[PDB]
Structures are given as structure tokens and as C-alpha cells.
Amino acid sequence: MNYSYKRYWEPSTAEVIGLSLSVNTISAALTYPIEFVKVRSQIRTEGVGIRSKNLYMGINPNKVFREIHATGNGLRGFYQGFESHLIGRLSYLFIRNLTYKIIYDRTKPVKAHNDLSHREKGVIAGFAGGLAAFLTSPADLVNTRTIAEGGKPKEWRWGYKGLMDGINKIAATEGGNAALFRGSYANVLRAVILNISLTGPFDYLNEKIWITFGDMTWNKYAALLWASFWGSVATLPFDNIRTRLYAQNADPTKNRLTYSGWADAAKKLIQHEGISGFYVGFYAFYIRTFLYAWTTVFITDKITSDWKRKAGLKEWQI
Amino acid sequence: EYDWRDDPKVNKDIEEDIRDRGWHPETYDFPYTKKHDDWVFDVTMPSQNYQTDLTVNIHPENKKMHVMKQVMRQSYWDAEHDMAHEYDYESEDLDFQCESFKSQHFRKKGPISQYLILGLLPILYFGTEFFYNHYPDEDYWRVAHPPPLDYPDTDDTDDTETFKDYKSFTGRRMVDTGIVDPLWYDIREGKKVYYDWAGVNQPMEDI
Amino acid sequence: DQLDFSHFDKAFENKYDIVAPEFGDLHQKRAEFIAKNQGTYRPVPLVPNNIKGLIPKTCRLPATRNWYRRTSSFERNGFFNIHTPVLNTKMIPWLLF
Amino acid sequence: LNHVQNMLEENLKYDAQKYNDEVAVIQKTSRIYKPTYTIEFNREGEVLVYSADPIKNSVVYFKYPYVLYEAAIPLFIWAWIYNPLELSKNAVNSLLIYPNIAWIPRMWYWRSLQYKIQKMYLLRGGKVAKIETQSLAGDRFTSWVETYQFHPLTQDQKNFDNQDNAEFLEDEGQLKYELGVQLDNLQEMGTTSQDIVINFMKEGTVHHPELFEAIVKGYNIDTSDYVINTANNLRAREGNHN
Amino acid sequence: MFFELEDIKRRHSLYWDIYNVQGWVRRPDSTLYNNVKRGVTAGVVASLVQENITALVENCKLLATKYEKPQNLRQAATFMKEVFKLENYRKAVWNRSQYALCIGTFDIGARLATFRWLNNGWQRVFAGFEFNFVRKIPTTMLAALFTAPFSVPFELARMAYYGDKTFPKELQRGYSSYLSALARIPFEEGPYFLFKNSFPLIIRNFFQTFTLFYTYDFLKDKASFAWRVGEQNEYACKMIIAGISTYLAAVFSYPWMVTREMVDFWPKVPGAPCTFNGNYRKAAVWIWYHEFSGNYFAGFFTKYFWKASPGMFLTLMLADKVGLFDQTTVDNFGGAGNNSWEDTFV
Amino acid sequence: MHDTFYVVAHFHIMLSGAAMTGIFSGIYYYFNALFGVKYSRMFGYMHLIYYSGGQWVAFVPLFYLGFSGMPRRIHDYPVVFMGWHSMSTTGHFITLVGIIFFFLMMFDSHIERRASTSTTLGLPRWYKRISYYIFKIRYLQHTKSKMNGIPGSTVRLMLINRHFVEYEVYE
Ligand SMILES: CCCCCCCCCCCCCCCCCC(=O)OC[C@H](COP(=O)([O-])OCC[N+](C)(C)C)OC(=O)CCCCCCCCCCCCCCCCC
Ligand SMILES: CCCCCCCCCCCCCCCCCC(=O)OC[C@H](COP(=O)([O-])OCC[N+](C)(C)C)OC(=O)CCCCCCCCCCCCCCCCC
């Protein structure tokens with residue numbers, strides 16, 4: 001399988017940057033209401049957890065969607081904080097893709113039919129994602145605070161009208177630029193886990209489906225569904241803890257729980273909610289992951305195949 | 030030991046199973062002794078007496094809506110209680126049977142994900158066998174492809190010889206007789222290209 | 004205070020504010036009108052009154068005028084009978100064939 | 106779906122809710138008839154108000170609409186057998202379709218013969234009437250029906266007949282014509298059926314014309330002035346000349 | 001990579017087998033344009049006929065509530081002429097024709113295109129029957145799911161259009177036609193006004209699509225001995241198969257449309273919590289688990305059958321005529337069907 | 517007919533069809549005794565229909581092939597059999613679908629989680645007419661309790677008849 005790779009065309013840095021920015025802008029614009037619903041579902045069950053039983057376990061995404069719509073802001077109410085979300089996502093992708101491209105170009109094998117093993121690429125992707133998430137933690141924090149407010153009491157809300165406005169308010173009120181990096185280690189852990197939980201499961205099932213059913217067209221999409229499931233299983237606890245740390249107010253009075261760090265948040269989640277309290281909003285997180293990944297993979301594959309056909313690559317090399 | 034998070038009234042995040050509206054398996058005693066059934070009147074048949082009343086006509090089609098009575102919900106197990114009651118203190122508990130009937134081992138239902146696994150058991154078993162074990166062989170379930178031109182050898186796949194046979198006097202006459210179907214492919218460059226009406230996939234590239 | 008779950012605390016209220024009507028102002032006005040005028044306001048689909056060649060329906064017509072015979076019925080308590088006495092006569096020819 | 110506002114839907118919901126609330130099972134009625142004589146109920150507390158033999162007085166076999174179809178059957182069978190039209194294999198079988206569906210109207214007619222009333226009794230209390238009918242194969246059916254279910258039809262049976270003013274009994278008291286009566290809900294053999302039409306044939310004995318007229322006109326008859334006749338004349342499954 | 005996941009495309013050496021003609025082989029006419037065109041054509045024709053049928057039936061019922069039903073054939077002809085003369089009938093024809101175009105180009109056409117796209121390549125056995133039809137069960141199912149909510153916005157736009165028509169003058173949107181309402185609703189009440197609480201419509205569309213298409217394809221292949229071994233018309237047989245499939249689809253789709261009646265039309269018990277909590281899905285589950293199957297089939301023909309069944313029947317007939325149910329059958333011994341010709345004739 | 521597919525059809529009809537249908541009859545007859553809950557009717561009916569149809573469709577063409585001289589244990593056969601063989605294989609897959617439904621109903625039986633009620637109401641035999649009276653009274657009370665929350669005949673007919681609320685022109 002180490003001879004099985006197909007890297008006869010390597011996109012340049014400009015191509016990867018532009019394509020990533022555009023395609024991921026589209027993907028993030030499509031699934032932002034799903035992310036909003038997931039964050040709200042995680043917020044509403046902080047000290048409570050999952051209290052239903054059997055098939056009712058968890059929080060219904062459609063119920064949260066209906067409540068947020070019945071608020072009265074319509075679908076535009078699901079895109080509040082989208083400026084912060086988009087800027088943070090684009091900055092994270094820029095930094096991660098630049099670092100990954102540099103370290104890959106320094107380390108990729110000579111032969112076009114060879115590539116780094118999933119462990120080496122996983123190390124590179126984890127380092128890149130950790131760095132990019134550490135640098136974009138202020139934007140992620142502003143976005144999560146914008147989403148979380150609304151499911152919180154009036155005196156507990158921050159009232160952010162933008163990304164720069166939120167950053168200025170955080171720096172001025174809480175104090176210092178270290179305030180912008182509240183819960184940044186949680187974001188680093190989430191990005192490290194997310195960057196290693198998707199490439200592994202996808203290639204596994206994709207190649208196994210090929211071995212079983214030959215070269216059909218549904219193989220990559222079934223593998224994408226499987227990879228999305230396993231990435232959601234691995235990443236959701238870290239996303240939950242990051243949401244808890246981001247949404248915590250500076251005043252200890254204005255908090256259902258007070259967390260002094262990542263470990264403290266995990267401990268107080270296990271104490272009050274149990275283990276199953278980590279996986280709240282799993283359906284929303286998995287659906288958003290699958291839709292985002294499908295949109296990105298589909299559009300990127302179309303564009304890159306069009307580029308390859310103009311580069312003279314043969315059909316089996318595309 | 031009251032936790033409002035476990036209370037369906039205070040905690041609005043506890044979704045209600047409407048099919049278990051009147052049934053609380055937590056309060057089921059073992060053996061069951063509750064009486065939830067009795068005579069029901071004044072729904073369509075009044076409990077009053079109008080047999081000889083000439084000024085009163087009974088119209089049961091005017092029946093009023095009442096609270097729907099759901100089918101009884103089966104008992105749900107209590108893990109700690111069941112483990113404690115069925116636990117035996119080996120070598121210090123007498124091997125005997127208690128006089129009370131509450132010592133009976135009552136069966137209570139439990140989780141449903143196990144039965145989710147059970148429901149897909151035929152699919153999982155057939156998939157396991159045929160796909161996972163790759164039975165009868167690897168190539169059976171794969172999407173069918175013809176071999177490339179003269180692959181692996183002309184002794185097995187004599188595509189060029191058949192192409193020449195169909196394009197000669199004898200081949201043309203045999204096709205004219207109607208007992209032989211027309212040629213199903215064309216050798217363009219060094220590639221065997223099957224016609225659309227042939228109803229087969231194209232051969233895979235020799236990578 | 005909070006974290007004492009013997010009594011509910013307002014810090015655990017998962018209630019979202021109501022900024023505006025969910026589906027616009029006219030939807031709310033129609034909902035108010037429905038609340039006030041459910042049953043008092045009855046629109047009537049338009050049918051001409053005096054049409055030549057048609058006998059106006061002054062009263063209900065018997066079952067003698069029915070073109071088709073129902074094979075299903077209703078019990079007086081709402082139960083829907085699928086297996087009715089008409090169904091036996093209807094099933095005789097199919098079973099015979 | 107419910108967020109769409111329809112005034113007709115709101116009116117329907119209001120009508121259903123108002124009918125559920127205001128309209129009750131127990132309905133007050135003022136249709137009460139007091140007969141001018143003492144009613145002599147039998148040993149079982151019911152007075153026979155109508156008797157007949159509907160099967161004896163009906164044409165069973167040679168009825169016009171159905172003899173036509175049953176006489177057309179041999180023509181289709183012959184057309185299939187000899188194929189005078191030189192049809193293909195499917196068309197002759199299409200010809201053979203007809204004999205399977207030509208006796209069905211006779212089946213419906215013979216079924217209708219069992220909805221002609223054979224006996225009608227008025228039970229004590231004046232609110233229930235027992236109706237006995239018989240099928241063409243000798244099966245006997247009994248149905249207890251409330252008096253208010255009866256709605257007289259006209260002579261032609263095309264339209265409903267006006268209650269409180271209708272003359273289906275002659276001056277003497279016997280039936281003037283074959284009277285059709287519609288029942289809103291008839292429980293036949295344990296299955297409730299809506300809008301069932303029954304017939305009282307002219308060649309039938311109407312005992313107690315007042316009680317028969319009151320039952321047909323949907324009256325609650327006052328049976329306070331009664332006596333009981335201890336006559337054990339009848340037997341179960343008694344022969345009745347069909 | 002371009003994001004957290006890399007789609008690792010790989011190269012593989014060739015493989016081949018003895019036979020080539022009974023698995024998935026995509027047909028040459030299965031392009032997106034051709035499937036869309038054929039599905040849209042069949043859908044718009046079937047929908048136009050179905051909506052004209054519905055308008056005629058409901059305007060006949062509207063006239064019959066104010067005039068006596070005809071006694072003989074001449075009175076029936078006069079009644080039909082007066083129904084056609086109705087002002088209410090012509091506007092209904094126009095608006096339901098617009099609705100039929102919308103649901104044919106985007107719902108029935110989409111269903112047909114998706115079914116053909118997913119199921120074009122399933123080839124059939126040469127002189128037998130397609131024994132492995134189970135492979136079509138997931139495939140067809142996917143299509144149904146992928147096309148389940150494609151009719152919901154149009155149906156809810158029609159509902160909103162008529163609801164607007166039935167309100168007082170001061171509380172009217174002034175919708176000139178169905179297309180005007182469809183174009184104006186998403187910018188006045190929002191896009192979610194066309195999707196909120198649409199589980200009955202979605203599951204009804206799912207069952208209609210799956211039952212109709214799967215049953216029709218299965219029967220038109222498995223009941224093929226009726227006109228191949230014992231020579232029958234095959235057109236009467238196709239019509240009978242289409243009727244059976246349509247009846248099964250209508251039977252399996254109706255009970256989910258009763259949830260509307262059960263939830264917000266059945267009178268409520270005062271002072272008691274509302275059953276089903278106004279969800280349509282708790283109601284659907286209760287119907288699924290209800291012991292008496294006749295209670296949720298009341299009004300099957302009054303409310304639903306004659307508003308969907310002719311449309312589904314014509315959809316099947318026209319789809320088969322255009323060619324959306326044709327599958328490739330190739331001899332498995334001679335020619336392209338075999339890679340071991342030496343055992344073909346021995 | 518010795519050592520031909522006629523024997524295969526005979527004993528497969530018998531064993532598979534009859535024996536497994538009786539086994540399924542016992543499974544549904546003892547479902548509460550075996551599982552503690554009552555079974556679901558929908559997937560049970562689907563299981564019945566598909567299993568029976570599969571048995572017939574799979575084992576009648578085997579009779580046809582046995583009459584034509586088809587030996588039993590040959591994996592290759594004359595070309596003139598394939599037709600019915602295909603039909604036979606089709607039937608088997610139909611049977612398989614029924615099997616799926618079987619397992620589905622078991623899953624569906626544990627989502628449902630209902631307590632089973634015997635249809636006899638405790639009166640298996642009407643040896644006397646008093647038993648018939650007791651059964652009739654209890655049955656009517658049970659059915660009345662079941663038909664609660666389901667509207668009466670008049671309201672139901674009103675809702676069904678007045679369903680259509682889409683008219684273009686009003687007065
Ligand atoms: C560690 C856990 C391991 C678990 C085991 C491995 C995974 C098991 C779960 C698999 C889930 C199902 C995936 C199906 C994907 C199908 C995609 C596709 O188009 O496949 C084409 C294949 C082949 O279709 P075909 O007819 O073109 O191919 C026949 C072979 N040739 C090419 C020579 C003509 O379709 C199928 O296999 C049918 C799948 C239907 C769904 C049921 C799947 C399970 C049963 C499969 C065996 C066949 C019997 C089916 C009937 C009985 C079912 C009980
Ligand atoms: C599955 C889709 C099938 C479609 C089939 C074909 C349909 C054809 C007819 C379509 C009709 C509707 C077209 C609307 C086009 C846009 C119109 C417009 O600009 O409207 C103004 C609206 C904004 O107005 P508004 O919503 O504020 O409404 C104004 C009116 N008030 C305020 C009174 C309510 O524009 C948008 O909403 C566009 C922003 C992008 C929306 C993206 C939605 C993504 C949803 C993801 C899934 C749901 C969340 C997750 C839930 C589950 C979680 C697990």
C-alpha cells in the first residue's frame with residue numbers, strides 16, 4: 001500500500017491556499033447553523049448532563065433548532081457570530097496549511113507513488129493544527145461567547161457585536177492580551193485530535209471498500225461517513241471542554257460552574273454529568289462534520305481534477 | 030436525595046415518551062399488585078338509568094374525547110437493586126430458598142442498543158462472511174471489468190485474432206448468416222474499446 | 004445557592020428570549036384574529052345559487068340514491084370496521100375466481 | 106404544517122371542539138306517543154307490531170335485470186369457443202372475462218332480499234324495536250334498534266319522507282305500499298353499519314297500526330298502560346314459511 | 001491537505017473476472033442531463049393530469065353540496081357541464097397547474113432522476129430473472145431519502161396560498177397566483193416557513209417513492225414470465241403491475257398523513273396535557289405501534305387516494321415509456337459477457 | 517424422479533416451508549413467554565408475507581426443473597434450465613428479505629416495550645354461556661378503554677368529510 005499512493009501532481013502553495021480558503025469558506029457558510037445548534041446544546045447541559053433514558057438519551061438537535069428559530073430572529077439568528085467563526089476558521093486554515101505544506105515539502109518521499117505514513121502525516125498535521133489553533137484561540141473564544149449568550153441569563157451575557165469589538169472588550173475588561181487566550185490549550189487539544197482522527201479512518205475504510213467492491217463511486221463517500229463518525233467520536237469531548245472553557249465568564253458569580261483549567265473542566269464534567277456528558281450534541285457535531293467534509297472534498301476534488309487534466313496527467317493518474 | 034435534574038417537571042431537558050404517559054416502571058412493585066383497571070362508564074354508556082325515560086335518547090356517537098390510555102409499559106431493570114438482590118455470599122450464605130415470593134427472580138427489560146445490534150444481525154452476518162472473508166474470492170463482488178487488450182496473453186485473451194476473424198471473408202459471411210453476433214469492441218491504437226451496446230465496463234488501465 | 008440540586012436555581016434556565024414574532028407581524032395578527040374569531044368568521048366557497056337544469060339540495064338524500072356501496076363502516080364509539088357485512092359479499096366473487 | 110393559517114381549518118377545528126363539548130351523549134327528546142289502548146305484551150315483554158314473509162312474496166330467480174346478464178353468458182362462452190370474430194389469443198380471453206362478473210348483480214339482489222323485514226316487535230319501555238330478517242339460505246338475523254333511528258322514505262324511495270306527516274298506512278291501518286325506512290346506525294350481527302335501508306312489504310300484516318306508525322316515525326312510545334299475556338306458543342327456530 | 005481530512009486517492013493494478021454482465025454497469029444514457037430531462041417530462045405530465053383530476057373532483061364535490069347529485073346519465077352530463085362552468089373551477093385549474101409544474105420539475109422529476117442515477121447500472125440476467133434484487137433495496141432507499149423533502153416547500157407554499165385566500169381582506173397577502181406565493185413566502189415569512197414541522201410530508205414522500213419504484217421494478221422483472229413464458233399482452237400486465245404498485249404506495253404512505261388529523265384536528269380534552277405533544281413524530285410512532293390498523297386508515301380514499309394515486313400511476317407508466325426503468329440484459333456466455341469462451345459451447 | 521430436483525423441491529417445501537413456518541408460529545405464539553414483551557405487528561406481517569412468498573417462488577420452479585430431468589448435486593447444468601433456476605434463486609432472496617424482517621421485528625419489539633395481554637382475557641374456553649357473557653362484558657369494557665382519545669363516529673366523519681380546505685373563490 002506504500003506503492004499505492006498517487007501524487008503525480010503536487011499543488012503549489014498559492015493553489016492550496018486559495019483553494020482551501022474559498023472551498024472552506026463555502027463549507028463553513030453551509031454548516032454554521034449546525035455548529036450553532038451544537039454549541040447551544042452543549043451550553044444548555046453544563047451542570048445537568050444527559051437525563052433521559054434509552055433512545056431518548058442526548059439533546060434533540062431539531063428541538064434546539066426550533067427553539068432558536070422561535071426566538072424570532074429567523075435563520076439569520078443562526079448566523080450570529082459568523083464573522084468571528086469565519087475569520088477564525090480562515091486564519092486557522094491559513095496557518096495550518098502553510099505549516100503543513102512546508103513540513104511536507106521538506107519531508108515528502110521522492111517517488112510520486114510514495115507518501116508519508118499516516119503516523120508521520122498525523123504528527124505533522126497535529127503540530128500544524130495545534131499551532132494554528134493556539135494562534136486563533138481569541139477568534140474561537142469570541143465566536144463561542146457570541147453563540148453561548150442567549151442561553152444564559154441577561155446579566156451573564158457579554159454582548160459582542162463583532163470580532164474586533166469582542167477582542168477589544170475582552171482585552172480591556174478582563175485585562176491584558178493573556179485574556180484573549182482563555183482556554184487556548186483546549187483549542188490546541190481539539191485541533192490536535194481533529195487533525196489525526198479523520199485521515200486515518202477515511203483511508204482505512206476507503207481501501208477496504210475498494211478491496212471488497214472494486215472501483216465503484218460510492219467508496220469514498222461511505223469512507224467519508226465512517227471517518228466523520230470516528231472523528232466525531234474522538235473529537236467531541238475535547239470540543240465540549242473547549243466550549244465550557246470559552247463560555248466561562250470572568251466573574252465567578254456569573255457561572256453555573258467555575259473551571260480553573262482543562263483538567264478542572266474535565267473533572268467537573270465527570271462529576272456532575274458522567275462520561276456520557278461528553279457526547280452531547282453528537283448528532284449535530286457528526287452531521288456538521290460530514291457535511292463540511294463532503295462539501296470540501298467534493299469541490300476540491302472537482303477543482304483539482306480540472307487542474308490535473310490541464311496539466312497533461314493521464315486518467316489513471318487523476 | 031432529591032435531584033431536580035432527574036425530575037421531569039423541573040428539568041425540561043428530560044424528553045417525555047408519550048407512549049409511557051401513565052406508566053412509571055420505577056414504581057412497579059415485584060410482584061405487580063397495582064389496580065389500574067376498573068369499570069368505565071359515562072364514555073358512551075351512561076352510568077345513570079334512562080331505560081324507561083321517554084324524554085332521553087342515548088346517542089353514543091356523541092362520545093367525548095378522553096385521555097388516551099397507553100398500552101402498559103414493561104418494567105425496566107434497576108441495576109444496583111437487581112445486582113444486590115441476586116448476589117450470593119459464597120461459603121457463608123446457606124443454599125436454601127426464601128419463604129417469601131419477593132425472592133422470585135423477576136425479569137425486567139434493559140437497554141436497546143444490544144437489540145439494535147440484533148436487528149442488523151442478518152446484514153452483519155452476511156456482510157461478515159461474504160465481504161470480510163472475501164467469499165468465494167476477491168474478484169466476485171468487485172465491479173466487473175474485462176481484461177485489457179491481449180491480457181494476460183493472447184492464448185487466453187485473443188482479442189486481435191478475433192478482431193481479424195470478424196473482419197475477414199469468413200467472419201463477414203458468418204455474421205451475415207445471423208447465427209453470430211456482431212463484433213463487440215474495436216482495437217483503437219493499442220486499446221480495446223467496448224461499444225456502448227456491448228453492456229460491459231471498459232477494461233482497467235494497466236498501472 | 005447553585006450546585007445544591009435539591010431546589011431549582013435560575014442559573015440553569017435554558018429559556019431563550021423572544022425578540023419578535025417567529026414568522027413576521029402578519030402571522031401574529033392572523034393568530035390573534037384566529038383566537039378571537041375561530042368559528043364566528045366562516046368563509047363560504049362561491050357556488051352560484053340559481054342554475055338551470057340542477058335540482059337544489061334542500062334536504063339530505065337517502066341511501067337509495069347512492070351509486071356506490073361502502074364496504075367499511077364506523078362503530079358508534081369511533082372504531083373503524085374494515086370487515087363489515089358488505090365485505091363478505093364483496094369478497095365472494097374474488098374468492099370464487 | 107400547523108403554522109399555516111387557514112380559516113376553513115380553524116372553523117373545522119372549532120366545529121369539532123364545540124361538538125365534543127356542547128353535544129352530549131344524552132339527548133333530550135319530545136317525540137313521545139301515548140297509544141289510545143292498553144298494550145298486551147307477550148310473555149317476553151314485547152308486542153309484535155309487524156309480520157311478513159318477504160322471501161315468499163319476492164321473485165327470486167326470473168328477475169328482469171339479472172336474467173339478461175345470465176342469458177348473455179352463453180353467448181360470450183360460445184364466442185370464445187368458436188371464435189367467429191377471428192380474434193387473437195388475448196382478445197378471446199378478454200371475451201371470457203365476462204362470465205365471471207355477470208352473476209354478481211344477482212348476488213347483490215339476493216342479499217337485498219334479507220333486508221326486507223320479516224318480524225318487528227316493540228319491547229317494553231317503547232324505546233327499542235326488535236327486527237328479525239332471514240336470508241335466502243335460511244339464516245336468521247335479529248337486530249335491536251332504537252326507535253329514533255327510523256326515518257321513513259317516500260313511496261318511490263328516492264327522497265326522505267316527512268316525519269310527523271306521512272301516510273304509509275291506509276285508513277284501515279294496513280300498509281299502503283312497500284315502505285322504505287332508513288336507519289342511521291344498525292348493528293347487524295355485531296357490526297355497526299351506517300345508513301341501512303329496510304323495507305316493509307305491502308303483503309304483510311301490520312298488527313297494532315298505531316305502534317307500527319309510531320316506531321317508523323321515530324317515536325318513544327309510552328307503554329305504561331300494559332298487560333302481559335302468558336302465551337308460550339312460540340318455539341326457538343320455529344318454522345315460518347320463509 | 002486542504003483541511004483536517006485528506007482524501008487519499010490511490011492507484012491499483014487491474015483485475016478482471018470470468019463474467020462482466022450481471023453487476024453494476026452504468027448505462028450510456030445515464031447522464032445527468034438526460035435523466036433530469038426524462039424525469040422532469042414524466043413528472044410534469046403526471047402532475048398536470050393529477051392536479052386537473054383533483055380540481056375536477058373537488059369542484060364536483062363543491063357543487064354537489066349545494067345541488068342534488070345526478071340521477072341518470074343526462075343529469076350527470078349537465079352536472080359536469082355546470083362544474084366546468086364554475087368560476088371556482090377555472091382558477092383552481094390554473095393554480096393547480098402551476099403547482100403541478102413546480103412539483104413535477106422539482107419533486108417527481110427529482111425522484112425519477114435520482115432513482116435512475118442510482119439504479120441505472122443494475123443489469124439483469126439474460127434468459128432468467130434478476131435474482132439479486134436485494135442490492136436495489138439500499139440504493140432505491142437512498143433515492144427516496146435524498147428526494148423526501150423536495151416537495152415540502154412547494155406543498156407548504158400551496159397551503160399558505162390557500163390559507164391567504166381564505167382570510168379577511170385586511171389580513172391577506174394578495175397572492176396573485178401560486179407562483180407569486182412561492183416566490184414571496186421565503187422573503188416574508190422566511191425559508192423555514194416552508195419546512196417547519198414537515199415530518200408527515202417527508203415520511204409520506206419517502207414511503208411513496210420507495211414503495212412505488214421498488215415494487216414496480218421488482219414486479220416488472222419478477223412477473224415477466226407472465227408475458228415471456230406464457231404469452232400475454234404485457235401491456236395489460238404492465239398496467240396491472242403499475243396499479244398494484246400504486247395501491248401499495250398509497251397504502252404505505254397514507255397513515256403518516258393521519259398524524260395531521262390526530263394532532264391538530266381531533267378535539268382536545270380540557271385541562272389535560274395534549275397527547276403527542278403536537279409533534280407528528282410521536283403521533284407517527286404511536287400509529288406505527290397502534291394495535292388496530294383500521295383506525296388510521298379511515299378516510300384513505302376520501303382524503304388521500306384520489307389525490308396521489310392517479311399521479312403515481314401515470315408517473316410509473318410514463319417513466320416506463322420514456323425508459324427510466326429499462327435495464328441492460330446481455331448474454332452471459334457469448335461476446336462481451338464472458339472471459340472464458342472455451343466452456344461456452346462444449 | 518430419483519436424485520433429481522423434484523426430490524429437492526419436495527423436501528425443501530416440506531422442511532423449509534412447513535417446519536420453519538411452524539417454528540415461526542411457535543415463536544410468535546410464545547413471544548411474551550420468550551422475550552417478556554409483545555411483538556410488533558408491522559414487521560411481523562412483513563416477515564410472514566415475504567417468507568411465505570419466498571418459499572413458494574423458490575421451490576415451485578424446482579418442481580418444474582425436476583420434471584425436466586435436473587440432477588441434484590451438479591453446479592453446472594444444461595442451458596435450458598437457467599430460466600427456472602433464476603426464478604428459484606429469486607425466491608430465495610425473497611425469503612432472505614423475510615428473514616431480515618424477522619430480526620427487525622425483534623428489534624422493533626424492544627423499542628416498543630409493551631406488556632402483552634392475552635386475547636382470551638382469562639377465558640380460553642366457552643364451555644358454558646356464562647363464560648361467553650363474562651368474556652363479552654370484559655371484551656366490551658377493554659375495547660371501550662382502548663378507544664379512548666379516538667374521537668367518536670360523528671366527529672371523525674365530520675373531520676374526514678370536511679378535509680378539503682383549498683378553494684380559490686369565496687363569497
Ligand atoms: C469488524 C466488523 C466487520 C463487519 C463485517 C463487514 C461489514 C458488514 C456490513 C456491510 C453492510 C452492507 C454494505 C452494502 C454495500 C453494498 C454496495 C453495493 O453496491 O454492493 C454491490 C453488491 C454486489 O451486487 P451485484 O449483484 O452487482 O454483484 C454480484 C456479483 N457480480 C459482480 C459477479 C455480479 O451488492 C450486494 O452485495 C448486495 C448488498 C445489499 C445489502 C445487504 C448487505 C449484506 C449482504 C450482502 C451479501 C449478499 C446477499 C444479500 C441478501 C441477504 C441479506 C441478508
Ligand atoms: C433539503 C432541501 C430541499 C430543497 C428542494 C427544492 C426547494 C425549492 C424551493 C425553496 C424555497 C426556499 C428558498 C429560500 C432561499 C433563500 C431566501 C432568503 O434569502 O430568505 C431570507 C433568509 C433570511 O431571512 P429570515 O430567515 O430571517 O426570515 C425573515 C423573516 N422573519 C425574520 C420574520 C422570520 O435567508 C437565509 O436564511 C439565507 C441564509 C442561509 C441559510 C442556510 C440554511 C442552512 C440550514 C442547515 C440545516 C438546518 C440546521 C441544522 C438542523 C439539524 C442539526 C443536526
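Residue numbers (the entry's author numbering), protein chains in the order written: chain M2, 1 to 318; chain 7C, 30 to 236; chain V, 4 to 100; chain F, 106 to 347; chain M1, 1 to 346; chain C1, 517 to 687. Here a beta-carbon is modelled for each residue, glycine too, at the ideal position from N, C-alpha and C.
Near residue i, what residues of its chain come up, given a Cβ to Cβ distance below 8 Å and the 5 sequence neighbours on each side ignored?
i: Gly-231 (chain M2); result: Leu-194, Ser-197, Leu-198, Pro-201 and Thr-289
i: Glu-83 (chain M2); result: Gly-162 and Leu-163
Straight-line CA distance for residue i to residue j?
i: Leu-564 (chain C1); j: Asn-80 (chain V); result: 32 Å
i: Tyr-31 (chain 7C); j: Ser-9 (chain V); result: 5 Å
i: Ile-167 (chain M2); j: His-174 (chain 7C); result: 59 Å
i: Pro-176 (chain 7C); j: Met-233 (chain 7C); result: 7 Å
i: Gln-80 (chain 7C); j: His-256 (chain F); result: 22 Å
i: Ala-55 (chain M1); j: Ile-147 (chain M2); result: 48 Å
i: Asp-269 (chain F); j: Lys-161 (chain F); result: 32 Å
With 16 as the cutoff for other CB atoms within 10 Å, does residue i come out buried or exposed?
i: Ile-209 (chain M2); result: buried
i: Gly-230 (chain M1); result: exposed
i: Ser-217 (chain F); result: exposed
i: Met-94 (chain V); result: exposed
i: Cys-102 (chain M1); result: buried
Chain V partners of residue i, CB-CB under 9 Å?
i: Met-306 (chain F); result: Ordered by position in chain V, no residue passes the 9 Å Cβ test against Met-306 (chain F), which lies about 16 Å from the chain.
i: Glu-687 (chain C1); result: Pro-46, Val-47, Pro-48, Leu-49 and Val-50
Can you pull the chain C1 residues whose beta carbon is under 8 Å from the beta carbon of residue i, in chain order?
i: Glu-90 (chain 7C); result: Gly-668, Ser-669 and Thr-670
Which bits of chain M1 does residue i rub up against, with CB to CB less than 9 Å?
i: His-563 (chain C1); result: Neighbours of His-563 (chain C1) on chain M1: none; closest Cβ ~15 Å, over 9 Å.
Output needed for residue i: all residues of its chain with C-beta closer than 7 Å, excluding positions within five of it in sequence on either side, in chain order.
i: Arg-50 (chain 7C); result: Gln-99
i: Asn-2 (chain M2); result: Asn-114
Short of 6 Å in beta carbon distance, which residues of its chain neighbour residue i, apart from the five on each side in sequence? Order them along the chain.
i: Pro-577 (chain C1); result: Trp-600, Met-603 and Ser-604
i: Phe-238 (chain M2); result: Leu-189, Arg-190 and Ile-193
i: residue 355 (chain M1); result: This structure leaves residue 355 (chain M1) out entirely; chain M1 is present only between 1 and 346.
i: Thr-259 (chain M1); result: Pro-200, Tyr-280, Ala-283 and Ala-284
i: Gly-39 (chain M1); result: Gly-109, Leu-112 and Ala-113
So which residues on chain F does residue i lean against when the C-beta distance must stay under 9 Å?
i: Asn-295 (chain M1); result: Chain F residues near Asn-295 (chain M1): none, gap ~15 Å exceeds 9 Å.
Quick one: which chain V residues come within Cβ less than 7 Å of residue i?
i: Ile-68 (chain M2); result: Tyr-19
For residue i, go through chain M2 and note every residue whose CB falls closer than 8 Å to its CB, in chain order.
i: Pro-140 (chain 7C); result: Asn-54
List, in order along the chain, the chain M1 residues whose C-beta lies closer than 8 Å to that of residue i?
i: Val-188 (chain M2); result: In chain order: nothing, as chain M1 lies at least about 14 Å away.
Specify whether the stretch 15-33 of chain V and the stretch 168-178 of chain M1 touch according to this definition: at least 3 beta carbon pairs, one from each stretch, less than 8 Å apart.
With a cut-off of 8 Å, the stretch 168-178 of chain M1 and the stretch 15-33 of chain V count as touching, because enough Cβ pairs lie within range.
Could you say if the stretch 286-303 of chain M2 and the stretch 43-60 of chain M2 meet the contact criterion of at least three C-beta pairs nearer than 8 Å?
no
Measuring CB atoms only, is the stretch 319-331 of chain F touching the stretch 164-183 of chain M2, in the sense that at least three cross pairs come out at less than 8 Å?
Cβ pair count under 8 Å is below three, so no.
Pair every Cβ in the stretch 642-657 of chain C1 with every Cβ in the stretch 56-73 of chain V, then say whether three or more of these pairs are closer than 8 Å.
no
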